[PDB]
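Take a look at the structure set out below.
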Amino acid sequence: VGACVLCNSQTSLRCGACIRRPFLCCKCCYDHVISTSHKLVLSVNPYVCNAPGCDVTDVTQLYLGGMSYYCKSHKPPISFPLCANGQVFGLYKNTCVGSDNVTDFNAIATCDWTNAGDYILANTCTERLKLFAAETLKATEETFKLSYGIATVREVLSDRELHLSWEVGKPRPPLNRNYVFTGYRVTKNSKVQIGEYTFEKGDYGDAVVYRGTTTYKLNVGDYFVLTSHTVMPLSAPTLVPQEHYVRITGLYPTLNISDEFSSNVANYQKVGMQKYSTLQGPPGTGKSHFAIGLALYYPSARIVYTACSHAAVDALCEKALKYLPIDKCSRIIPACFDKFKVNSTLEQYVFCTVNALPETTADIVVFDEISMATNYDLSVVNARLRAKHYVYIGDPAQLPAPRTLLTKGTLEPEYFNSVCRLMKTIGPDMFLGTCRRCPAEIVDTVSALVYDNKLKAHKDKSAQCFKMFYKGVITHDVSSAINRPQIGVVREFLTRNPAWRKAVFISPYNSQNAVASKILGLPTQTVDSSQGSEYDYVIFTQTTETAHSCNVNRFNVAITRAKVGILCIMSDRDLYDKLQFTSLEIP
Amino acid sequence: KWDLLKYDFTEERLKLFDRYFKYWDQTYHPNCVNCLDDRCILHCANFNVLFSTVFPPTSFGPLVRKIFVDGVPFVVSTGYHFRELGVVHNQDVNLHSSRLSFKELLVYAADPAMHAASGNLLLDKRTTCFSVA
Amino acid sequence: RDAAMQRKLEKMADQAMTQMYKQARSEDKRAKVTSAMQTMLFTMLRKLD
Ligand SMILES: [Zn+2]
Ligand SMILES: [Zn+2]
Ligand SMILES: [Zn+2]
Ligand SMILES: [Zn+2]
């Protein structure tokens, strides 16, 4: 019973033919009604042929016959044409100013969410339209995922490899990154849960690696149910207008400019000079260092950090223990990291994932890894904070949020959401070119890649990265990556220098990494499971020449994790024939 | 001194009856629930209105118990214990419920279990009627 | 007949708008009551355990 999501006039109708039952002013409702077969309409009641037996729904053919909307079979003498006059008959039957930007709305009122233009528009409409677009989007993606397998756990092997079986004809789970199931432990008569656990692919056979939060254990019979949820209506905009102040309005600069903070201190002034700060970040290049430097920079404000999951907040809480003393910090866990006080926004510093963050209001929160951010969550934040400052961290050039229904076609990182969209309009306000991680080997060349050399050759020349010319004997059986000759070439290319016996194996699919750790003896890491993480000698196999392996940004954020040295066995040629590591052969 | 918790009281009732009105000539069945066509309810509601001036006037009235609205402790009146009609127990009772609708919401806000279970004890010296809360 | 039935259509439209407003207000106050009810209930509750 509120403003029509298309005309802002206040009304009381709901297109029960869309999934989100919005409000449509009589005019705009009329438009969308005709515009497809969005034919049911929900005001106070079901607009149906409530005429018994009859049930025909569309309004046009519906007929107010006395106190009940009728068809023709039952329609009384005096009756009434509801859908007519170009204006539906509904409450406030006058004050429906109507609108024209409805076509877009209608296609959105119906889209698949699959190809580009879908998301092109989803991220390019107006505010309220994109609000509701995203709402519907998540409705689609979720209800898509409901009829799949329950993981009845047996062979609880090792501390990683629950092995798992299933309910036979029902499981359809992929395994890398994080795929959350909630474990139910078989208890007397009902079912009590165990925690959320995400699972990897995992080396060797059915030994499926797992991971989640919750300090519980697992039991034989602990059946995991594929998680289920219901999206919630947003409200506050994705992005509230920016205002660059005439002061550090509310904040008080700093009495000490720490070296690790000083280069970022340069920024730490003008951040109080505007409501919120937009930043491009070279991967991990003192990102958490930037934030903590601003924290000790403004030691007065309730400074909140939020990211995707506890995994981007991993290094964050690390940097907290680094320089944010355990006093003025709160660490929060849902039902992972709670090193500080569980649940206290009443805190100088408050560390969280957007999901574990409820509504709040303070001064500054960091809003990070925006290459994985959505205007959905870009609203969820404003729909949870009114703090004096936000700050916007990440180059859209890094990765996507895993658009799992973005099928045919891709997306421009800008379109990953309106910040990313505007971050490709306005670029950075501030920046972390300080490659506090990689030597010049990676930095110079991978800056020539797409940053366009904007990464100063940071430290020195390690060079111990090997672009080894591979051809590509890569396999994927059912959904598991395996590549026996690249398995064995990353193997032997380690062998003719044995002492490298230290590195974790990294793969686009930790199934390729799985069977590698099944032939290597080396640990596992996704190319995805990357930021924060970084080993001295890190190996990666270009494996399958897919976009999930060979782009700029995927192995870009997985390429600045090279603190000293990388190996890469390239079935792929461009970055071989473009990027300038040490060129190496093929045992 | 009947211990404060004993609400049941039956074999007492029946024992008094068998020591005094033994040679009576139609069965007696304390809890009137077990009675048949009302007239047996009269012929046992008397004997209760008598045997009930011997038991103590605290263990008369509702019988509360603690439940859980989605993991949240409540106290609700699951029965009753009149002065005649013996003991009477609810029949559709249900612990551990998540979200409760309008109906039961209502029927909970009008039970004195919740009200007096959380109030200052009282003692009045102006009446004789046994105060409570 | 035009200037006949049309009167009926109009008056009946209007009475429909009336009753519909009424239904709406009814349900809305139902929402308010449910709210106040549960909140009194819980403010009573957390003083006893
Ligand atoms: Zn619709
Ligand atoms: Zn409208
Ligand atoms: Zn009909
Ligand atoms: Zn009887």
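Scheme for the structure tokens: letters A, B, ... for chains in order shown; per-chain residue numbers from 1; ligand numbers from 1 in order shown.
The residues sitting within 6 Å of ligand 3, with only C-alpha atoms and all ligand atoms considered, come out as residues 49, 51, 54, 70, 71, 72, 73 and 74 of chain A.
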Can you write out the residues you just picked, keeping C-alpha atoms, as a short mmCIF file (atom, residue, chain, number, x, y, z; two decimals), in the first residue's frame?
```cif
data_model
loop_
_atom_site.label_atom_id
_atom_site.label_comp_id
_atom_site.auth_asym_id
_atom_site.auth_seq_id
_atom_site.Cartn_x
_atom_site.Cartn_y
_atom_site.Cartn_z
CA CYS A 49 -12.66 -14.60 -11.98
CA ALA A 51 -16.90 -16.26 -10.22
CA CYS A 54 -14.37 -19.57 -13.48
CA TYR A 70 -16.24 -11.72 -12.90
CA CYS A 71 -15.58 -13.25 -16.29
CA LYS A 72 -18.45 -13.45 -18.73
CA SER A 73 -19.96 -16.82 -17.86
CA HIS A 74 -21.01 -15.43 -14.48
#
```
Would you mind listing the residues within 6 Å of ligand 1, counting only C-alpha atoms and all ligand atoms, as a short mmCIF file (atom, residue, chain, number, x, y, z; two decimals) with N, CA and C atoms, in the first residue's frame?
```cif
data_model
loop_
_atom_site.label_atom_id
_atom_site.label_comp_id
_atom_site.auth_asym_id
_atom_site.auth_seq_id
_atom_site.Cartn_x
_atom_site.Cartn_y
_atom_site.Cartn_z
N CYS A 15 1.76 -6.59 -9.08
CA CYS A 15 1.86 -7.48 -10.23
C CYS A 15 2.23 -8.87 -9.77
N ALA A 17 2.25 -11.30 -11.24
CA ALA A 17 2.89 -12.06 -12.31
C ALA A 17 4.39 -11.85 -12.31
N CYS A 18 4.87 -10.84 -11.60
CA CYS A 18 6.29 -10.77 -11.28
C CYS A 18 6.52 -11.40 -9.92
N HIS A 38 1.84 -10.35 -18.15
CA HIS A 38 1.74 -10.07 -16.73
C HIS A 38 0.29 -9.73 -16.45
N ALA A 109 10.99 -6.92 -15.75
CA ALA A 109 9.89 -7.65 -15.12
C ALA A 109 9.80 -9.08 -15.61
#
```
I need the chain C residues near chain B as a PDB file with N, CA and C atoms, in the first residue's frame; criterion: at most 9 Å, counting only C-alpha atoms.
```
ATOM      1  N   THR C  34      -0.764  -6.760  16.592  1.00  0.00           N
ATOM      2  CA  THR C  34       0.151  -7.881  16.762  1.00  0.00           C
ATOM      3  C   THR C  34       1.499  -7.398  17.267  1.00  0.00           C
ATOM      4  N   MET C  37       1.371  -6.323  20.911  1.00  0.00           N
ATOM      5  CA  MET C  37       1.138  -7.493  21.735  1.00  0.00           C
ATOM      6  C   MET C  37       2.437  -8.214  22.012  1.00  0.00           C
ATOM      7  N   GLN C  38       3.155  -8.579  20.962  1.00  0.00           N
ATOM      8  CA  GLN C  38       4.350  -9.361  21.216  1.00  0.00           C
ATOM      9  C   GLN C  38       5.353  -8.556  22.024  1.00  0.00           C
ATOM     10  N   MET C  40       4.867  -6.201  24.340  1.00  0.00           N
ATOM     11  CA  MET C  40       4.518  -6.268  25.748  1.00  0.00           C
ATOM     12  C   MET C  40       4.855  -7.632  26.300  1.00  0.00           C
ATOM     13  N   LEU C  41       4.596  -8.668  25.518  1.00  0.00           N
ATOM     14  CA  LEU C  41       4.856 -10.006  26.011  1.00  0.00           C
ATOM     15  C   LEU C  41       6.322 -10.161  26.375  1.00  0.00           C
ATOM     16  N   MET C  44       7.526  -8.257  29.354  1.00  0.00           N
ATOM     17  CA  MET C  44       7.147  -8.987  30.552  1.00  0.00           C
ATOM     18  C   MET C  44       8.087 -10.152  30.787  1.00  0.00           C
ATOM     19  N   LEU C  45       8.450 -10.844  29.716  1.00  0.00           N
ATOM     20  CA  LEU C  45       9.227 -12.064  29.854  1.00  0.00           C
ATOM     21  C   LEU C  45      10.583 -11.796  30.475  1.00  0.00           C
ATOM     22  N   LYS C  47      12.060 -10.617  32.644  1.00  0.00           N
ATOM     23  CA  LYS C  47      12.264 -10.219  34.023  1.00  0.00           C
ATOM     24  C   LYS C  47      12.029 -11.357  34.992  1.00  0.00           C
ATOM     25  N   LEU C  48      12.024 -12.589  34.526  1.00  0.00           N
ATOM     26  CA  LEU C  48      11.548 -13.685  35.344  1.00  0.00           C
ATOM     27  C   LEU C  48      12.461 -14.893  35.371  1.00  0.00           C
ATOM     28  N   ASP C  49      13.338 -15.061  34.389  1.00  0.00           N
ATOM     29  CA  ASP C  49      14.021 -16.338  34.216  1.00  0.00           C
ATOM     30  C   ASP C  49      15.059 -16.594  35.297  1.00  0.00           C
TER      31      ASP C  49
END
```
Tell me which protein, DNA and RNA residues are within 12 Å of residue 218 (chain A), counting only C-alpha atoms, leaving out same-chain ones fewer than 3 positions away, and put them as a PDB file with N, CA and C atoms, in the first residue's frame.
```pdb
ATOM      1  N   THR A 152      24.627 -36.458   3.135  1.00  0.00           N
ATOM      2  CA  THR A 152      24.658 -37.404   4.248  1.00  0.00           C
ATOM      3  C   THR A 152      26.089 -37.907   4.432  1.00  0.00           C
ATOM      4  N   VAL A 153      26.726 -37.491   5.528  1.00  0.00           N
ATOM      5  CA  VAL A 153      28.171 -37.633   5.667  1.00  0.00           C
ATOM      6  C   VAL A 153      28.535 -39.006   6.214  1.00  0.00           C
ATOM      7  N   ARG A 154      29.468 -39.671   5.538  1.00  0.00           N
ATOM      8  CA  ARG A 154      30.115 -40.878   6.024  1.00  0.00           C
ATOM      9  C   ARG A 154      31.589 -40.775   5.669  1.00  0.00           C
ATOM     10  N   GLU A 155      32.408 -41.659   6.243  1.00  0.00           N
ATOM     11  CA  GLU A 155      33.857 -41.630   6.042  1.00  0.00           C
ATOM     12  C   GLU A 155      34.422 -40.244   6.368  1.00  0.00           C
ATOM     13  N   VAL A 156      34.198 -39.837   7.615  1.00  0.00           N
ATOM     14  CA  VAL A 156      34.710 -38.556   8.097  1.00  0.00           C
ATOM     15  C   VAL A 156      36.224 -38.689   8.247  1.00  0.00           C
ATOM     16  N   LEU A 157      36.936 -38.684   7.124  1.00  0.00           N
ATOM     17  CA  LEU A 157      38.356 -39.014   7.087  1.00  0.00           C
ATOM     18  C   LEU A 157      39.164 -37.744   7.329  1.00  0.00           C
ATOM     19  N   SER A 158      40.260 -37.873   8.067  1.00  0.00           N
ATOM     20  CA  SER A 158      41.238 -36.797   8.266  1.00  0.00           C
ATOM     21  C   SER A 158      40.538 -35.583   8.882  1.00  0.00           C
ATOM     22  N   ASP A 159      41.160 -34.409   8.796  1.00  0.00           N
ATOM     23  CA  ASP A 159      40.577 -33.170   9.294  1.00  0.00           C
ATOM     24  C   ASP A 159      40.139 -32.276   8.141  1.00  0.00           C
ATOM     25  N   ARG A 160      39.974 -32.870   6.963  1.00  0.00           N
ATOM     26  CA  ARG A 160      39.657 -32.118   5.757  1.00  0.00           C
ATOM     27  C   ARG A 160      38.731 -32.940   4.876  1.00  0.00           C
ATOM     28  N   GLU A 161      38.922 -34.253   4.899  1.00  0.00           N
ATOM     29  CA  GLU A 161      38.410 -35.159   3.878  1.00  0.00           C
ATOM     30  C   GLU A 161      37.253 -35.996   4.422  1.00  0.00           C
ATOM     31  N   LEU A 162      36.106 -35.357   4.640  1.00  0.00           N
ATOM     32  CA  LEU A 162      34.894 -36.094   4.970  1.00  0.00           C
ATOM     33  C   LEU A 162      34.465 -37.065   3.869  1.00  0.00           C
ATOM     34  N   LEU A 164      32.506 -38.029   1.903  1.00  0.00           N
ATOM     35  CA  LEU A 164      31.118 -37.746   1.551  1.00  0.00           C
ATOM     36  C   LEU A 164      30.502 -38.789   0.629  1.00  0.00           C
ATOM     37  N   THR A 182      24.838 -26.553   5.129  1.00  0.00           N
ATOM     38  CA  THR A 182      24.772 -26.592   6.581  1.00  0.00           C
ATOM     39  C   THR A 182      24.635 -28.030   7.057  1.00  0.00           C
ATOM     40  N   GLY A 183      25.548 -28.433   7.936  1.00  0.00           N
ATOM     41  CA  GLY A 183      25.603 -29.803   8.399  1.00  0.00           C
ATOM     42  C   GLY A 183      24.572 -30.036   9.485  1.00  0.00           C
ATOM     43  N   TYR A 184      23.765 -31.072   9.298  1.00  0.00           N
ATOM     44  CA  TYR A 184      22.885 -31.574  10.340  1.00  0.00           C
ATOM     45  C   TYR A 184      23.428 -32.893  10.869  1.00  0.00           C
ATOM     46  N   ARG A 185      23.622 -32.955  12.182  1.00  0.00           N
ATOM     47  CA  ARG A 185      24.112 -34.160  12.833  1.00  0.00           C
ATOM     48  C   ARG A 185      22.917 -34.992  13.261  1.00  0.00           C
ATOM     49  N   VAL A 186      22.955 -36.281  12.947  1.00  0.00           N
ATOM     50  CA  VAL A 186      21.855 -37.178  13.264  1.00  0.00           C
ATOM     51  C   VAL A 186      21.721 -37.239  14.776  1.00  0.00           C
ATOM     52  N   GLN A 193      21.690 -28.720  13.771  1.00  0.00           N
ATOM     53  CA  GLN A 193      22.728 -28.458  12.797  1.00  0.00           C
ATOM     54  C   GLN A 193      24.111 -28.570  13.439  1.00  0.00           C
ATOM     55  N   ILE A 194      25.129 -28.309  12.621  1.00  0.00           N
ATOM     56  CA  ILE A 194      26.528 -28.419  13.011  1.00  0.00           C
ATOM     57  C   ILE A 194      27.293 -27.148  12.673  1.00  0.00           C
ATOM     58  N   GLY A 195      26.893 -26.475  11.612  1.00  0.00           N
ATOM     59  CA  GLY A 195      27.611 -25.315  11.135  1.00  0.00           C
ATOM     60  C   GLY A 195      27.598 -25.279   9.628  1.00  0.00           C
ATOM     61  N   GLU A 196      28.066 -24.158   9.103  1.00  0.00           N
ATOM     62  CA  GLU A 196      28.158 -23.976   7.668  1.00  0.00           C
ATOM     63  C   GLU A 196      29.552 -24.345   7.197  1.00  0.00           C
ATOM     64  N   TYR A 197      29.606 -25.163   6.151  1.00  0.00           N
ATOM     65  CA  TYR A 197      30.878 -25.642   5.643  1.00  0.00           C
ATOM     66  C   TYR A 197      30.818 -25.664   4.123  1.00  0.00           C
ATOM     67  N   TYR A 210      37.029 -29.639   3.124  1.00  0.00           N
ATOM     68  CA  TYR A 210      35.937 -28.776   3.556  1.00  0.00           C
ATOM     69  C   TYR A 210      36.493 -27.552   4.277  1.00  0.00           C
ATOM     70  N   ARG A 211      35.600 -26.610   4.589  1.00  0.00           N
ATOM     71  CA  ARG A 211      35.957 -25.370   5.268  1.00  0.00           C
ATOM     72  C   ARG A 211      34.684 -24.606   5.601  1.00  0.00           C
ATOM     73  N   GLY A 212      34.645 -24.019   6.785  1.00  0.00           N
ATOM     74  CA  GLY A 212      33.533 -23.176   7.156  1.00  0.00           C
ATOM     75  C   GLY A 212      33.865 -22.390   8.398  1.00  0.00           C
ATOM     76  N   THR A 214      32.282 -21.726  12.595  1.00  0.00           N
ATOM     77  CA  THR A 214      31.692 -22.532  13.659  1.00  0.00           C
ATOM     78  C   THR A 214      32.710 -23.496  14.251  1.00  0.00           C
ATOM     79  N   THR A 215      33.008 -23.331  15.536  1.00  0.00           N
ATOM     80  CA  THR A 215      33.973 -24.196  16.199  1.00  0.00           C
ATOM     81  C   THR A 215      33.305 -25.462  16.723  1.00  0.00           C
ATOM     82  N   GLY A 221      27.465 -39.747   9.697  1.00  0.00           N
ATOM     83  CA  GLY A 221      26.040 -39.520   9.594  1.00  0.00           C
ATOM     84  C   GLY A 221      25.619 -38.066   9.605  1.00  0.00           C
ATOM     85  N   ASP A 222      26.562 -37.133   9.730  1.00  0.00           N
ATOM     86  CA  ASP A 222      26.250 -35.707   9.837  1.00  0.00           C
ATOM     87  C   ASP A 222      25.810 -35.172   8.481  1.00  0.00           C
ATOM     88  N   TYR A 223      24.535 -35.374   8.168  1.00  0.00           N
ATOM     89  CA  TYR A 223      24.066 -35.034   6.835  1.00  0.00           C
ATOM     90  C   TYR A 223      23.990 -33.526   6.635  1.00  0.00           C
ATOM     91  N   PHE A 224      24.706 -33.050   5.622  1.00  0.00           N
ATOM     92  CA  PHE A 224      24.669 -31.651   5.233  1.00  0.00           C
ATOM     93  C   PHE A 224      23.524 -31.422   4.264  1.00  0.00           C
TER      94      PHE A 224
END
```
I'd like a table as CSV: residues in chain B with an atom no more than 7 Å from ligand 4, each row giving the shortest atom pair and its distance in Å to one decimal, only C-alpha atoms and all ligand atoms counted, sorted by chain and rising residue number.
```
residue,atom,partner,partner_atom_place_in_ligand_line,distance
B:27,CA,ligand 4,1 (Zn),6.8
B:28,CA,ligand 4,1 (Zn),5.4
B:29,CA,ligand 4,1 (Zn),5.2
B:32,CA,ligand 4,1 (Zn),6.0
B:34,CA,ligand 4,1 (Zn),6.6
B:35,CA,ligand 4,1 (Zn),4.1
B:36,CA,ligand 4,1 (Zn),6.6
B:40,CA,ligand 4,1 (Zn),4.1
B:41,CA,ligand 4,1 (Zn),5.1
B:43,CA,ligand 4,1 (Zn),6.0
B:44,CA,ligand 4,1 (Zn),4.7
```
Write out, as JSON lines, each residue of chain A that has an atom at most 8 Å from chain C, together with the closest pair of atoms and their distance in Å to one decimal, counting only C-alpha atoms, rows going by chain and rising number.
```
{"residue": "A:44", "atom": "CA", "partner": "C:24", "partner_atom": "CA", "distance": 7.2}
{"residue": "A:67", "atom": "CA", "partner": "C:16", "partner_atom": "CA", "distance": 7.7}
{"residue": "A:78", "atom": "CA", "partner": "C:9", "partner_atom": "CA", "distance": 7.6}
{"residue": "A:79", "atom": "CA", "partner": "C:9", "partner_atom": "CA", "distance": 7.9}
{"residue": "A:80", "atom": "CA", "partner": "C:9", "partner_atom": "CA", "distance": 7.5}
{"residue": "A:91", "atom": "CA", "partner": "C:17", "partner_atom": "CA", "distance": 6.9}
```
Can you spit out the residues from that selection as a tab-separated table (two decimals), in the first residue's frame, using C-alpha atoms?
```tsv
chain	number	residue	atom	x	y	z
A	44	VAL	CA	-6.29	-5.81	-1.73
A	67	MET	CA	-19.00	-7.27	-5.33
A	78	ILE	CA	-24.75	-4.46	-14.76
A	79	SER	CA	-21.06	-5.24	-14.58
A	80	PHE	CA	-17.89	-3.36	-14.89
A	91	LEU	CA	-7.31	2.66	-5.15
```
Practice task
Write down as a ChimeraX atom specification the residues of chain B whose backbone DSSP state falls under helix (DSSP H, G or I).
Solution key: /B:11-20,32-34,39-51,102-109,112-117
Just-selected residues, N, CA and C atoms written as a CSV table (one decimal), in the first residue's frame:
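After the write, out21.csv holds the following:
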```csv
chain,number,residue,atom,x,y,z
B,11,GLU,N,-5.7,-40.3,45.6
B,11,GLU,CA,-5.9,-41.4,46.5
B,11,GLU,C,-6.2,-40.9,47.9
B,12,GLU,N,-5.8,-39.6,48.2
B,12,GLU,CA,-6.4,-39.0,49.4
B,12,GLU,C,-7.9,-38.9,49.2
B,13,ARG,N,-8.4,-38.1,48.3
B,13,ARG,CA,-9.8,-38.0,48.0
B,13,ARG,C,-10.5,-39.3,48.1
B,14,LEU,N,-10.0,-40.3,47.4
B,14,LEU,CA,-10.7,-41.6,47.4
B,14,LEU,C,-10.6,-42.3,48.7
B,15,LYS,N,-9.6,-42.0,49.5
B,15,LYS,CA,-9.5,-42.7,50.8
B,15,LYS,C,-10.4,-42.1,51.8
B,16,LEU,N,-10.4,-40.8,51.9
B,16,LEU,CA,-11.5,-40.2,52.7
B,16,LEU,C,-12.8,-40.8,52.4
B,17,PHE,N,-13.1,-40.8,51.1
B,17,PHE,CA,-14.5,-41.3,50.7
B,17,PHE,C,-14.7,-42.8,51.2
B,18,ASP,N,-13.6,-43.6,51.1
B,18,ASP,CA,-13.9,-45.0,51.4
B,18,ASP,C,-13.9,-45.2,52.9
B,19,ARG,N,-13.4,-44.2,53.7
B,19,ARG,CA,-13.5,-44.4,55.1
B,19,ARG,C,-14.8,-43.9,55.6
B,20,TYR,N,-15.4,-42.9,54.9
B,20,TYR,CA,-16.6,-42.3,55.4
B,20,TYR,C,-17.8,-42.8,54.7
B,32,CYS,N,-13.5,-35.5,37.6
B,32,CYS,CA,-14.8,-35.6,36.9
B,32,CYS,C,-14.7,-35.8,35.4
B,33,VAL,N,-13.5,-35.7,34.9
B,33,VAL,CA,-13.3,-36.0,33.5
B,33,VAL,C,-13.9,-37.4,33.2
B,34,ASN,N,-13.6,-38.4,34.1
B,34,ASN,CA,-14.1,-39.7,33.8
B,34,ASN,C,-15.6,-39.9,33.9
B,39,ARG,N,-25.3,-36.3,34.8
B,39,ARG,CA,-25.8,-36.6,36.1
B,39,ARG,C,-24.8,-37.2,36.9
B,40,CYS,N,-23.9,-38.1,36.3
B,40,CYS,CA,-22.8,-38.5,37.1
B,40,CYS,C,-21.9,-37.4,37.4
B,41,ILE,N,-21.9,-36.3,36.6
B,41,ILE,CA,-21.0,-35.2,37.0
B,41,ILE,C,-21.6,-34.4,38.2
B,42,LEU,N,-22.9,-34.4,38.3
B,42,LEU,CA,-23.4,-33.9,39.6
B,42,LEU,C,-23.0,-34.8,40.8
B,43,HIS,N,-23.3,-36.1,40.6
B,43,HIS,CA,-23.0,-36.9,41.7
B,43,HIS,C,-21.6,-37.1,42.1
B,44,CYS,N,-20.7,-36.5,41.3
B,44,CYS,CA,-19.3,-36.5,41.8
B,44,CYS,C,-18.9,-35.0,42.1
B,45,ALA,N,-19.5,-34.0,41.5
B,45,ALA,CA,-19.2,-32.7,41.9
B,45,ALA,C,-19.5,-32.3,43.3
B,46,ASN,N,-20.6,-32.9,43.8
B,46,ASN,CA,-20.7,-32.8,45.3
B,46,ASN,C,-19.5,-33.2,46.1
B,47,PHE,N,-19.4,-34.6,46.1
B,47,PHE,CA,-18.3,-35.1,46.9
B,47,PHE,C,-17.0,-34.3,46.7
B,48,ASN,N,-16.8,-33.7,45.6
B,48,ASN,CA,-15.6,-32.9,45.5
B,48,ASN,C,-15.8,-31.6,46.3
B,49,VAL,N,-17.0,-31.0,46.2
B,49,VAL,CA,-17.1,-29.7,46.9
B,49,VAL,C,-17.0,-29.9,48.4
B,50,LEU,N,-17.1,-31.2,48.8
B,50,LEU,CA,-16.9,-31.4,50.2
B,50,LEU,C,-15.4,-31.7,50.5
B,51,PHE,N,-14.9,-32.8,49.9
B,51,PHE,CA,-13.5,-33.1,50.1
B,51,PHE,C,-12.5,-32.0,49.7
B,102,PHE,N,-1.6,-15.4,15.2
B,102,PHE,CA,-2.5,-14.5,15.9
B,102,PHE,C,-3.3,-15.2,17.0
B,103,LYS,N,-3.9,-16.4,16.6
B,103,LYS,CA,-4.7,-17.1,17.6
B,103,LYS,C,-4.0,-17.4,18.9
B,104,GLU,N,-2.9,-18.2,18.8
B,104,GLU,CA,-2.2,-18.5,20.1
B,104,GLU,C,-1.6,-17.3,20.7
B,105,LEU,N,-1.1,-16.4,19.9
B,105,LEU,CA,-0.7,-15.1,20.5
B,105,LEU,C,-1.7,-14.6,21.5
B,106,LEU,N,-2.9,-14.4,21.0
B,106,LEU,CA,-4.0,-13.9,21.8
B,106,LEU,C,-4.1,-14.8,23.0
B,107,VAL,N,-4.3,-16.1,22.8
B,107,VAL,CA,-4.6,-17.0,23.9
B,107,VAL,C,-3.4,-17.0,24.9
B,108,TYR,N,-2.3,-16.4,24.6
B,108,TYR,CA,-1.2,-16.3,25.5
B,108,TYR,C,-1.3,-15.0,26.3
B,109,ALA,N,-1.7,-13.9,25.6
B,109,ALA,CA,-1.7,-12.7,26.4
B,109,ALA,C,-2.8,-12.6,27.4
B,112,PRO,N,-3.2,-15.6,32.9
B,112,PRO,CA,-2.5,-15.0,34.0
B,112,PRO,C,-1.1,-15.6,34.3
B,113,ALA,N,-0.8,-16.8,33.7
B,113,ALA,CA,0.5,-17.4,34.0
B,113,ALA,C,1.6,-16.4,33.7
B,114,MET,N,1.6,-15.8,32.5
B,114,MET,CA,2.6,-14.8,32.1
B,114,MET,C,2.6,-13.6,33.0
B,115,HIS,N,1.3,-13.1,33.3
B,115,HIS,CA,1.2,-11.9,34.1
B,115,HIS,C,1.7,-12.0,35.5
B,116,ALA,N,1.2,-12.9,36.3
B,116,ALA,CA,1.6,-13.0,37.7
B,116,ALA,C,2.9,-13.7,37.9
B,117,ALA,N,3.3,-14.5,36.9
B,117,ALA,CA,4.6,-15.2,37.1
B,117,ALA,C,5.8,-14.1,37.2
```
Chain A near ligand 2 within 6 Å: what's each residue's closest atom pair and its distance in Å to one decimal, counting only C-alpha atoms and all ligand atoms, ordered by chain then ascending residue number, as CSV?
```
residue,atom,partner,partner_atom_place_in_ligand_line,distance
A:4,CA,ligand 2,1 (Zn),4.6
A:6,CA,ligand 2,1 (Zn),4.6
A:7,CA,ligand 2,1 (Zn),3.6
A:24,CA,ligand 2,1 (Zn),4.5
A:25,CA,ligand 2,1 (Zn),3.1
A:27,CA,ligand 2,1 (Zn),5.9
A:28,CA,ligand 2,1 (Zn),4.3
A:96,CA,ligand 2,1 (Zn),5.7
A:98,CA,ligand 2,1 (Zn),4.8
```
